[PDB]
Trainee: 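For reference, the structure I am asking about is given below.
In what follows, every heavy atom counts, from backbone to side chain, and hydrogens, waters and symmetry copies are set aside. So that the names make sense, note that chain A is the first sequence line, chain B the second, and so on, each numbered from 1.
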Amino acid sequence: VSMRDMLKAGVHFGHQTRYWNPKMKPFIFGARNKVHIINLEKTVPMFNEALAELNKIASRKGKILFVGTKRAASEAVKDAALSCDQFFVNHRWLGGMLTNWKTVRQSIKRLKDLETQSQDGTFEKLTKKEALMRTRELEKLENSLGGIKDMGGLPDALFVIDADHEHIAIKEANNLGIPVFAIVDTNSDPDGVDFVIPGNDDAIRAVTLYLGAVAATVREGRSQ
RNA sequence: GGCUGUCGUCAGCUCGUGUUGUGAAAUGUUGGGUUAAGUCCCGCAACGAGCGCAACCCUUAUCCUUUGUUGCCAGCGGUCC
Ligand SMILES: [Mg+2]
Ligand SMILES: [Mg+2]
Ligand SMILES: [Mg+2]
């Protein structure tokens, strides 16, 4: 990827000076109208090694999971993962789903059972007293954990948009030695993650081109 | 030992894994509505489960089907009535 399209998306535009984390001193260019301007000359090579490691680990059948719960980016990341032969999560991250996988897999199994019940021609013999509420439980639970139903294991890498808002997940990432690739703007902590690509994390355009670059990266990785 | 009263038919009482704290412990069980109810919905470092609440049990109030004795007498005939 080149600087032109990411500049078009608005990567330089960031947050004001009242909410800047001093942990990212070299990740800044200057101040322009009471809002920080994120440096772009030092963000493309790091993104290059990030993509290189991503496709290197994807070429080895390395499953990765996509995290994003912003209301302006849930559908975009969901579609990117769907077209990116990987897994995704949209709603609130169930705390400890990694460190307590042996309990979440039971919910996965009961989701499969209820899915079979739904597509089994069975939800009509009920006396209209539980079918509707069971259906409601179905869409709630598929919105919750229906994106990793067939995942059946642990990831090798992990990719997050707007790392700060999903800090919880990153913690469980560091509890198990899973490398993390994430993008942090001017109000995040760059110590808990070893793959930093500074940029905006609020515009739909930003997440779209980031997901497109990730998708192309896994395309070229899988052809090895 | 067994059996019984009481708080009180009050709505509460706990467990597994995870996370937080040096620790006794906490969360889950907090918050906004709502109900007789820890009843339900939304949110949420919690995800699930159990005993409790409710339901399944008995009786009373309406209708239908099966049968008419020692129970019944609308329609007929007779009658010491
Ligand atoms: Mg401890
Ligand atoms: Mg002690
Ligand atoms: Mg407690």
Side-chain angles (χ1 to χ4, degrees), chain A residues 15 19 21-23 62-79 81-82 86-120 122-196 201-204 207:
Chain A
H15 280 120
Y19 311 97
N21 199 333
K23 276 322 281 192
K63 43 195 79 76
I64 62 170
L65 188 153
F66 280 60
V67 178
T69 72
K70 299 288 95 175
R71 290 326 293 164
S74 282
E75 213 171 4
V77 186
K78 170 197 203 313
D79 279 20
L82 279 179
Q86 281 312 305
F87 321 94
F88 65 98
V89 61
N90 290 111
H91 273 55
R92 63 178 292 273
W93 170 293
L94 293 196
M97 61 79 71
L98 280 189
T99 47
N100 219 3
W101 172 262
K102 41 170 284 282
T103 316
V104 176
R105 58 187 297 134
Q106 294 158 348
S107 297
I108 294 280
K109 187 269 183 181
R110 78 187 173 185
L111 163 66
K112 282 187 173 310
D113 189 358
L114 296 155
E115 183 67 26
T116 311
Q117 273 200 355
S118 166
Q119 286 75 238
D120 209 10
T122 300
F123 278 141
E124 286 84 7
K125 316 191 184 78
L126 304 172
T127 177
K128 293 199 76 62
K129 287 293 293 179
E130 53 260 28
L132 184 44
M133 65 181 179
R134 290 181 180 177
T135 309
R136 187 175 180 179
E137 192 268 344
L138 270 294
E139 69 267 0
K140 261 180 68 208
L141 193 152
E142 67 90 20
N143 289 317
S144 76
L145 56 86
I148 62 159
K149 162 174 68 75
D150 63 358
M151 179 168 159
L154 280 299
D156 284 332
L158 188 152
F159 186 86
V160 166
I161 287 283
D162 192 6
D164 189 358
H165 195 268
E166 299 299 321
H167 56 272
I168 299 186
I170 301 168
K171 191 266 294 176
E172 286 94 17
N174 258 322
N175 213 338
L176 291 148
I178 309 179
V180 176
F181 310 82
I183 280 175
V184 290
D185 63 358
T186 57
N187 52 293
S188 290
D189 197 61
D191 277 331
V193 65
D194 66 327
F195 291 111
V196 167
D201 55 25
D202 277 293
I204 314 174
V207 73

Trainee: Starting the side chain at C-beta, find the nucleotide from B/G18, B/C42, B/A45 nearest to A/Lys140.
Mentor: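 From the listed options, B/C42 comes nearest.
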Trainee: Please state the P separation for the pair B/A26 and B/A54 - nearest whole angstrom.
Mentor: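 Those two atoms are separated by 30 Å.
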Trainee: Is the B/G21-B/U22 step stacked (ring centres under 5.5 angstrom, plane angle under 30°)?
Mentor: no
Trainee: Please report the shortest heavy-atom distance between A/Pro155 and A/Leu98, naming the atom on each side.
Mentor: CD-CD2, 4.2 Å
Trainee: Can you tell me which nucleotide in B/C41, B/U17, B/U19 comes closest to the side chain of A/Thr99?
Mentor: B/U19
Trainee: Closer to the 5' end of RNA chain B via nearest nucleotide, is it A/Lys102 or A/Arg110?
Mentor: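 Upstream on the strand: A/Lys102.
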Trainee: Looking only at atom P, what distance separates B/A24 and B/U17, rounded to whole Å?
Mentor: 16 Å
Trainee: Is B/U30 base-paired to B/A11, counting Watson-Crick or G-U wobble with both distances below 3.5 Å?
Mentor: no
Trainee: Strictly by Watson-Crick or wobble contacts shorter than 3.5 Å, is anything paired with B/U67, and which nucleotide is it?
Mentor: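 Paired with B/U67, as far as the under-3.5 Å criterion goes, is no nucleotide at all.
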Trainee: For the neighbouring pair B/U69 and B/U70, do the six-membered rings of their bases satisfy both conditions, a centre distance under 5.5 Å and a plane angle under 30°?
Mentor: no
Trainee: Okay, side chain of A/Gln86, backbone of A/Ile64: is any donor-acceptor separation there less than 3.5 Å?
Mentor: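 It does hold such a pair.
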Trainee: Using the P atom in both, what is the distance from B/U66 to B/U70, to the nearest Å?
Mentor: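 The same atom, P, in both gives a distance of 23 Å.
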Trainee: Measuring only the P atom in each nucleotide, how far is B/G48 from B/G52? A whole number of Å is fine.
Mentor: 23 Å
Trainee: Output, in order, the C-alpha distance, side-chain angles, deciding distance and verdict of side-chain hydrogen bond (donor to acceptor under 3.5 Å, both in side chains) for A/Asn187 and A/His15.
Mentor: CA-CA 7 Å; A/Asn187 52 293; A/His15 280 120; 2.6 Å; yes
Trainee: Tell me whether the bases of B/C57 and B/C56 count as stacked, where stacked means ring centres under 5.5 Å and an interplanar angle below 30 degrees.
Mentor: no
Trainee: B/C81 pairs with which nucleotide, Watson-Crick or G-U wobble, both distances below 3.5 Å?
Mentor: none
Trainee: Nearest to the side chain of A/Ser107 - B/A45, B/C47, B/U17?
Mentor: B/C47
Trainee: Taking the P atom in each of B/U4 and B/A25, what is the distance between them to the nearest angstrom?
Mentor: 36 Å
Trainee: State whether the side chain of A/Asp156 and the backbone N or O of A/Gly62 hold a donor-acceptor pair below 3.5 Å, judged by distance alone.
Mentor: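 No: the side chain of A/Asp156 does not pair with the backbone of A/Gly62.
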Trainee: Just to confirm, do B/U17 and B/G16, adjacent in the strand, meet the stacking rule in which the six-membered ring centres are under 5.5 angstrom apart and the planes are under 30°?
Mentor: yes
Trainee: Assign A/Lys171 to base, sugar-phosphate, or nothing according to its heavy-atom contacts below 4.0 angstrom with the strands shown.
Mentor: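 It contacts base atoms.
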Trainee: With a 4.0 Å limit, can you tell me whether A/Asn100 has a side-chain N or O closer than that to the phosphate oxygens OP1/OP2 of B/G16?
Mentor: no
Trainee: Do the ring planes of A/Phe181 and A/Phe195 sit parallel (below 30°), tilted (30 to 60°) or perpendicular (above 60°)?
Mentor: parallel
Trainee: Figure out the NE2/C1' separation between A/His91 and B/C42, and round it to whole Å.
Mentor: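 My rounded result for the distance is 11 Å.
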Trainee: When you measure from the side chain of A/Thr122 to the backbone N and O of A/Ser118, does any donor-acceptor pair fall under 3.5 Å?
Mentor: no
Trainee: Counting only Watson-Crick or G-U wobble pairs whose two distances fall under 3.5 Å, which nucleotide matches B/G75?
Mentor: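 Looking at the geometry, B/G75 pairs with no nucleotide.
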Trainee: Distance between the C1' atoms of B/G12 and B/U29, in whole angstroms?
Mentor: 11 Å
Trainee: Does the pairing criterion hold for B/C51 and B/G12? That is, Watson-Crick or G-U wobble with both distances under 3.5 Å.
Mentor: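 Answer is yes for this nucleotide pair.
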Trainee: OG of A/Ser188 to NZ of A/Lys23: how many Å apart, nearest 0.5 Å?
Mentor: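 These two atoms lie 14.0 Å from each other.
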Trainee: For A/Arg136, report the nucleic acid contact type (base, sugar-phosphate, nothing); a contact means any heavy atom under 4.0 Å.
Mentor: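 Counting heavy atoms under 4.0 Å across all strands, the contact made by A/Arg136 is with sugar-phosphate only.
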Trainee: Judged by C1'-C2'-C3'-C4' (positive north, negative south), is the sugar of B/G78 north or south?
Mentor: north
Trainee: When rounded to the nearest Å, what value does the distance between P atoms of B/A11 and B/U35 take?
Mentor: 15 Å
Trainee: Compare the minimum distances between each of B/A45, B/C47, B/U17 and the side chain of A/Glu172, then state the nucleotide with the smallest one.
Mentor: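 Nucleotide nearest to A/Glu172's side chain: B/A45.
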Trainee: Identify, via the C1'-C2'-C3'-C4' dihedral, which side the sugar of B/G71 sits on: north or south.
Mentor: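 Sugar pucker of B/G71 - north, given that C1'-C2'-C3'-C4' is above zero.
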Trainee: Going by purine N1 to pyrimidine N3 plus the second Watson-Crick contact, or the G-U wobble pair, all under 3.5 Å, which nucleotide sits opposite B/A25?
Mentor: B/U20
Trainee: Is it the case that B/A45 and B/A46 stack, meaning their six-membered ring centres lie under 5.5 Å apart and the ring planes differ by under 30 degrees?
Mentor: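 No, the six-membered rings of B/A45 and B/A46 do not stack, since they fail the test of centres under 5.5 Å and planes under 30°.
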Trainee: Please tell me which of the listed nucleotides, B/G48, B/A46, B/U19, lies nearest to the side chain of A/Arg92?
Mentor: B/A46
Trainee: Can you tell me, in whole Å, how much space there is between the P of B/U39 and that of B/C51?
Mentor: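 One P to the other, the span is 14 Å.
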